[PDB]
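Below, each value reflects all heavy atoms present in this structure, side chains not excepted, and no hydrogens, waters or symmetry copies. For reference, positions follow the sequence shown, starting with 1. One-based numbering, in listed order, for ligands and for the atoms of each.
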Amino acid sequence: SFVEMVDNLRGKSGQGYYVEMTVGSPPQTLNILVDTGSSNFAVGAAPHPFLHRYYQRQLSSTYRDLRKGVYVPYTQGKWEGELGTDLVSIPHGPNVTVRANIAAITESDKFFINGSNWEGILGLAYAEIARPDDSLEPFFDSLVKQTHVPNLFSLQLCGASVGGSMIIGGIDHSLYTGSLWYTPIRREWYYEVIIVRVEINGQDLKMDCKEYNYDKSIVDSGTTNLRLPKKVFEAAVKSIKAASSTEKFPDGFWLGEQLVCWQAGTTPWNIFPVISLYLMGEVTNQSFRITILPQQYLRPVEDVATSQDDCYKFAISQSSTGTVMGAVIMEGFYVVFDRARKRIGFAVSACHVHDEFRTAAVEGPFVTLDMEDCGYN
Ligand SMILES: C[C@@]1(c2cccc(NC(=O)c3ccc(Br)cn3)c2)CCSC(N)=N1
């Protein structure tokens, strides 16, 4: 039943979308970040200032210690944990319980964030990027092996008490309108895809399309921003600046380190361009585009202290590890992770972004003469 799964996600702007899960016997309830950009199931398992609660292994009679540790450094933050297995369920997901690997986080630095309301991360990507290595079976692989659940899930993330839906085992048509367009998964590690063209307010960036995928492009619900390779980022910022030049932006705004604010309701959306990302289609040299509005890439901040005005952070940033289509891109689209057919689908979601003049869209097909492979691999 997909209806029971609708609206099973919550979150805070720029804080992460999480689903309720249980671990252990009897079940211990925790909120878990849904992350298509990693492959470990990892949960706080010791007290922490920012943790509202944690996994208590000694209180679970079904816990099995794997007698192995794991250290996972990120660019920002890090945690250390002990690997084990236990019974895991998703109360508002599939009606099943499975035994899964769990990394019990016993030490961390700048990993858990105050007020996020999640206590762990559910890595939904593939084993190749699991830590400490690809022999640690990811949760979704365990789910499919141990149950009759079809090998796919879909995410409908809705921007700013319900934050969206994770539907496991199929597609819920009530969550999107129009056509569902599919792009192939290039390699099963991250959810890697190929961008073939980029336009900003209708204007082609006219780069070799391999530049858009240097050194990979991925779909990642565990990253807030649209992250772009240096060359593409500079070109995008140049275009957006030119379009919005009628207004001055604080030092550091384009680096994402500063807010811009307007009086309530007066945000000049119309001076900001739409961004179109064309994704490789399922047929040779065909593609489709998803169009991103400023309502997506100018992310609202919901801090009470700033609430007299409407303030935003620039949610596009520079990457040295490839393009990342993060949450601000996924928001408003229904995104189908069709692992069974090695493809990802996009459709306009019931909570898609729009104003009176413009709307997020998924459109195709588009045809390209140049037969170059846009893969950087
Ligand atoms: C595991 C890792 C990770 C670790 C620690 C926090 C996070 N994400 C967030 O805090 C986060 C915040 C707002 C949104 Br919207 C989505 N995610 C992600 C590593 C960095 S990139 C990634 N996808 N996953």
Taking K145 first and then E137, would you say they form a salt bridge - that is, a charged N and a carboxylate O separated by under 4.0 Å? yes

task: Please determine if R289 and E363 form a salt bridge, counting it only when a charged side-chain N lies under 4.0 Å from a carboxylate O.
output: yes

- request: Classify the side-chain pair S60/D86 by whether it contains a donor and acceptor separated by less than 3.5 Å.
  value: yes

With sequence neighbours left out, the residues meeting salt bridge (charged side-chain N to carboxylate O under 4.0 Å, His left out) with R131 are none

Check each N or O atom of ligand 1 against all protein N or O atoms and list the pairs under 3.5 Å, with atom names and distances to 0.1 Å, one per line.
| residue | atom | partner | partner atom | Å |
| --- | --- | --- | --- | --- |
| ligand 1 | 8 (N) | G222 | O | 3.0 |
| ligand 1 | 17 (N) | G222 | O | 3.1 |
| ligand 1 | 23 (N) | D35 | OD1 | 2.9 |
| ligand 1 | 23 (N) | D35 | OD2 | 3.4 |
| ligand 1 | 23 (N) | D220 | OD1 | 3.0 |
| ligand 1 | 23 (N) | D220 | OD2 | 2.8 |
| ligand 1 | 24 (N) | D35 | OD2 | 2.7 |

Exactly one candidate in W189, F139, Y191 meets ring pair (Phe, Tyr, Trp, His ring centres under 6.0 Å) with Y126; the answer is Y191

Notebook entry, point to check: Should the pair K216 and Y190 be classed as cation-pi, given the thresholds of under 6.0 Å to the six-membered ring centre and 45° from the axis?
Noted result: yes

